[PDB]
Amino acid sequence: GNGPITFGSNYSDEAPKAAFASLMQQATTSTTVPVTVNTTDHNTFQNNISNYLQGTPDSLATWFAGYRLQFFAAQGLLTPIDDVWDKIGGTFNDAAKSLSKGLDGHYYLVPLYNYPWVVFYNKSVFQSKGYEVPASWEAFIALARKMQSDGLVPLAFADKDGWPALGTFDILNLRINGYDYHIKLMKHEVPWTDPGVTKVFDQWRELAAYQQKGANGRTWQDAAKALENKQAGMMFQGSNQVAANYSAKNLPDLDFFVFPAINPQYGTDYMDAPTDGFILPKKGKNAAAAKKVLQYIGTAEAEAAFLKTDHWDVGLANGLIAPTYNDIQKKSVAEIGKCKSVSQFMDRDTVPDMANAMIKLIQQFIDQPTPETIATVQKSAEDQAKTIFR
Ligand SMILES: OC[C@H]1O[C@@H](O)[C@H](O)[C@@H](O)[C@H]1O
C-alpha cells in the first residue's frame, strides 16, 4: 500500500492551505506515499459533502468530529478505521476518541488539532485605551459601550458565511442554560420553543446593538481584518479563523478572553472547541496507502511537523511538547482544559438539516432582532425540528 493517494481538502484559505500542504510534504517524505491534494472552497465542500462522498471522492478527506462525523458514518459513506487506531490509539485521550467514533462504536476519523471559541482583542489597544478584560456580562456590555463612545466598532461581526453566528447562539446557550441543556436541544430532547431559547435570543438583543452592522453581507475574514486593523475592539470566533487570518507579524499582539459569565450556575464552565480531522471515504481509491497516511497523521511527530506552520490551533496528542507554541496556543490549551465540558459547534453537534434551518433563522434575527422575530424563530425552528428528527 504505497501507491499514490488523492486528498480532498476544505483548507482553501491561504494560511491553513499552506499549513496542510506542509503536512502533506512531510507525510509523503516519511510514508513514501505520493499525495495529490484536491482543494475546494471551504463552505461549498461541506455544503456538498453528500454528493461528494456518494460520487467519486478522494482517497482521504478533511472533515469534522462529533455528530458531524457520525451523521455520515451512519450512512455507510465512510470506511471504518479501527486498524489505524490499533496503532495510534495510545496517543489520544478519551475525549478525542469518542469524537472520532461513529454511533456504531467504530473509529472513522483521525483527529489532528483542537481550537477555542473566545473573544479576541489586540493587547496594545486595551493597554493604550485603558480597556480592562471583562469577567461578566455587565462588564462586557460596559466595555462595548466605552468602545462605541471611543469611535470604534465594539464587536466585529460577520454572518454572510452562515455558520459564524451559530457560535453566538451556542455560547449564550452554554452560559445561560448550560451544557447539558445545549446538547439536549441539539438532539431535540428539548424543543426550540422552550423558554431557555427565548432567554438566549433576549440576551442577544442587548448584545446586538454592539455588533458590527451589515453583518449578513460580511465574510468573517473582513471582520477579522477590521480587528487586525484596529477598526474594531474585539471579535468572537474560533482561533482557527481569527488567529490564522492575522499576519504573523501582528499575531504577537493578539490575545483573547473567554466569553464573559452570564449565569453563576454555569460561570464560564463551557465553550465550543471544535476538533478537526480526516476521514477515509468508502468510495475512495487506494485505501491501503490511505491508511498509511492516516497512521502517520495520528502521531505526535506529524502534529509537531504541522504546528511549525499552523500557529493558531492546538495539537491533540498526549505527549505533545511541540515547542513552537505562542501565547495564543498556550492559553488555548489552558482555557479549553479548564472547562468542565467542551461542545463542538452547532453545525457539528446537530443534524445538518437542522443546523441549516438555524443558520437561516439566525440570519433573519440578525436583520430584525425583535421579540416578534424571536417568536417566529422558535416556532419555525421547532416545526422544522419535528420533521427533521422524525
Ligand atoms: O468553528 C466552527 C466552524 O468550523 C468551520 O471550519 C466549519 O466550516 C463550520 O461549519 C463550523 O463548524
# chains A, B, ... in the order shown; residues from 1 in each chain; ligands from 1
>>> residues_near_ligand(ligand="ligand 1", cutoff="7 Å", atoms="only C-alpha atoms and all ligand atoms", output="PyMOL selection string")
chain A and resi 42-43+46+163-164+238+274+345+347-348
>>> residues_around(residues="residue A:384", least_positions_apart="3", cutoff="9 Å", atoms="only C-alpha atoms", output="JSON, numbers by chain")
{"A": [353, 354, 357, 379, 380, 381, 387, 388, 389]}
>>> closest_atom_pairs(of="stretch 308-373 of chain A", to="stretch 252-273 of chain A", cutoff="9 Å", atoms="only C-alpha atoms", output="CSV")
residue,atom,partner,partner_atom,distance
A:326,CA,A:252,CA,7.9
A:327,CA,A:252,CA,7.8
A:328,CA,A:255,CA,6.2
A:331,CA,A:256,CA,8.4
A:335,CA,A:258,CA,7.8
A:336,CA,A:273,CA,7.2
A:338,CA,A:269,CA,7.7
A:339,CA,A:269,CA,4.9
A:340,CA,A:269,CA,5.6
A:341,CA,A:270,CA,5.6
A:342,CA,A:271,CA,5.2
A:343,CA,A:272,CA,4.8
A:344,CA,A:272,CA,4.9
A:345,CA,A:272,CA,5.5
A:346,CA,A:272,CA,8.7
>>> write_last_selection(atoms="N, CA and C atoms", output="short mmCIF file (atom, residue, chain, number, x, y, z; two decimals), in the first residue's frame")
data_model
loop_
_atom_site.label_atom_id
_atom_site.label_comp_id
_atom_site.auth_asym_id
_atom_site.auth_seq_id
_atom_site.Cartn_x
_atom_site.Cartn_y
_atom_site.Cartn_z
N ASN A 326 3.07 29.70 20.61
CA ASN A 326 3.00 31.08 21.07
C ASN A 326 2.02 31.20 22.23
N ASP A 327 1.76 32.43 22.65
CA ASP A 327 0.86 32.69 23.77
C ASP A 327 -0.60 32.34 23.51
N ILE A 328 -1.08 32.60 22.29
CA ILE A 328 -2.43 32.20 21.92
C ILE A 328 -2.64 30.69 22.09
N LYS A 331 -2.51 29.65 25.97
CA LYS A 331 -3.78 30.00 26.60
C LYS A 331 -4.92 29.12 26.10
N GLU A 335 -7.20 27.19 28.69
CA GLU A 335 -8.61 27.60 28.85
C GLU A 335 -9.58 26.51 28.41
N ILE A 336 -9.27 25.82 27.33
CA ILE A 336 -10.01 24.64 26.97
C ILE A 336 -9.99 23.61 28.09
N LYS A 338 -9.51 23.92 31.20
CA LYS A 338 -10.25 24.39 32.38
C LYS A 338 -11.72 24.03 32.33
N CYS A 339 -12.32 24.06 31.14
CA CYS A 339 -13.76 23.82 31.01
C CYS A 339 -14.12 22.45 31.58
N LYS A 340 -15.29 22.35 32.21
CA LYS A 340 -15.79 21.04 32.66
C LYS A 340 -16.04 20.18 31.44
N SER A 341 -16.79 20.74 30.49
CA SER A 341 -17.00 20.12 29.20
C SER A 341 -16.84 21.11 28.06
N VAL A 342 -16.61 20.57 26.87
CA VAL A 342 -16.49 21.35 25.65
C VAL A 342 -17.46 20.77 24.62
N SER A 343 -18.30 21.61 24.02
CA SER A 343 -19.06 21.17 22.86
C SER A 343 -18.24 21.42 21.59
N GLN A 344 -18.79 21.08 20.43
CA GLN A 344 -18.08 21.27 19.17
C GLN A 344 -18.46 22.60 18.51
N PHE A 345 -19.69 22.65 17.99
CA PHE A 345 -20.27 23.82 17.39
C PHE A 345 -21.65 23.38 16.93
N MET A 346 -22.60 24.31 16.78
CA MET A 346 -23.96 23.88 16.44
C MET A 346 -24.03 22.97 15.21
#
>>> closest_residue(among="A:121, A:169, A:107, A:7", to="residue A:34", atoms="only C-alpha atoms")
A:7
>>> select_by_dssp(residues="stretch 140-173 of chain A", states="strand (DSSP E or B)", output="list in words")
residues 153, 154, 155 and 156 of chain A
>>> closest_residue(among="A:37, A:360, A:294, A:349", to="residue A:99", atoms="only C-alpha atoms")
A:349
>>> residues_around(residues="residue A:324", least_positions_apart="2", cutoff="7 Å", atoms="only C-alpha atoms", output="MDAnalysis selection string")
chainID A and resid 307:308 322 326
>>> residues_around(residues="stretch 203-218 of chain A", least_positions_apart="3", cutoff="6 Å", atoms="only C-alpha atoms", output="NGL selection string")
:A and (154-160 or 200 or 369)
>>> closest_atom_pairs(of="stretch 52-96 of chain A", to="stretch 284-291 of chain A", cutoff="8 Å", atoms="only C-alpha atoms", output="CSV")
residue,atom,partner,partner_atom,distance
A:56,CA,A:284,CA,6.6
A:57,CA,A:284,CA,5.3
A:58,CA,A:284,CA,5.1
A:59,CA,A:284,CA,4.3
A:60,CA,A:290,CA,6.4
A:81,CA,A:291,CA,7.8
A:84,CA,A:291,CA,6.5
>>> select_by_dssp(residues="stretch 29-193 of chain A", states="alpha helix (DSSP H)", output="ChimeraX atom specification")
/A:29-31,42-47,49-54,67-73,82-88,94-98,123-129,137-149,166-176,179-186
>>> residues_around(residues="residue A:72", least_positions_apart="3", cutoff="9 Å", atoms="only C-alpha atoms", output="list in words")
residues 49, 50, 53, 67, 68, 69, 75, 76, 77, 78 and 102 of chain A
>>> residues_around(residues="residue A:44", least_positions_apart="3", cutoff="12 Å", atoms="only C-alpha atoms", output="number ranges by chain")
A: 9-12, 39-41, 47-52, 161-162
>>> closest_residue(among="A:275, A:22, A:239, A:32", to="residue A:2", atoms="only C-alpha atoms")
A:32
>>> closest_residue(among="A:333, A:191, A:165, A:383", to="residue A:363", atoms="only C-alpha atoms")
A:165
>>> closest_residue(among="A:70, A:378, A:193, A:168", to="residue A:105", atoms="only C-alpha atoms")
A:70
>>> residues_around(residues="residue A:245", least_positions_apart="3", cutoff="9 Å", atoms="only C-alpha atoms", output="PyMOL selection string")
chain A and resi 13-15+221+224-225+228+240-242+248
>>> closest_residue(among="A:3, A:80, A:233, A:90", to="residue A:120", atoms="only C-alpha atoms")
A:233
